[PDB]
């Protein structure tokens, strides 16, 4: 129905693949040719379906009737999720060899900063697959089911999770601390204390984010990267990243990563997805 453009190349299989690994049952549905999920903009709700068109370098977006009133916001959330803004020539030109194997690579965003904030926290310690499980369990117990599309459920809203009983969330498979970290976030979301869009000083904002309980530096970075689509953040505390920089302390990795400014976020994605990558034999 609605259509947006993007600049080639765009590695849709890599992206869909990435979203598929982390998809949340009842919330999203990922296939090799499309992506679809529940979505709530204020009191408006429905199902969004994104269908890429390679030959045309266009993305077709359909919205169920309930979302039509806020169509444009839905589109903007979709464009942030898929990084339609990216100019591969600029980024690939800057990274050189690091991104030559997958020039279509994009930064997987999100459709809602609050949701991404919840996703990032439950992503702590556990595995990608396991986090998706847990999130799926939190969506289950706290999300609203779409009247018009029963199969789908909306990601839990801030007001709902802010009222949740720490004990209940704990019961789902997380320490009490983690559950408290979630409740605190929902409240910050309600008060306007959790930046919902990228802030002017990502560094300062991430720092402030770290005063939140349950949110350490890994969570704040990963959150800025996904929740804000911050393009210049590396994840030196990341598990897989420690594996890509054998025997290197976080500050070492951070300093090494500096050579990729101002597209560090993109370099991170490349390192993550380069099987045998290893620092330069220098």
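Numbering follows the first chain given and starts at 1.
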With respect to the recorded C-alpha B factors, which stretch has the higher mean value, 148-156 or 80-88?
148-156
Would you mind comparing 99-107 and 70-78 for me and telling me which has the higher average C-alpha temperature factor in the entry?
99-107
Which has the highest CA B-factor per the PDB entry: 223, 234, 245, 34?
245
Which of 52, 250, 42, 46 ranks first by CA B-factor in the deposited coordinates
250
Could you place residue 264 in the lowest, middle or highest third of its chain by Cα temperature factor, using the values in the record?
lowest
Of the three thirds of Cα B-factor ranks in this chain, residue 115 occupies the middle
Going by the recorded CA B-factors, say which third of the chain residue 59 sits in, lowest, middle or highest.
lowest
Can you tell me whether residue 128 has a C-alpha B-factor in the lowest, middle or highest third compared with the other modelled residues of the same chain?
lowest
Compared with the other modelled residues in the chain, in which third is the CA B-factor of residue 230?
lowest
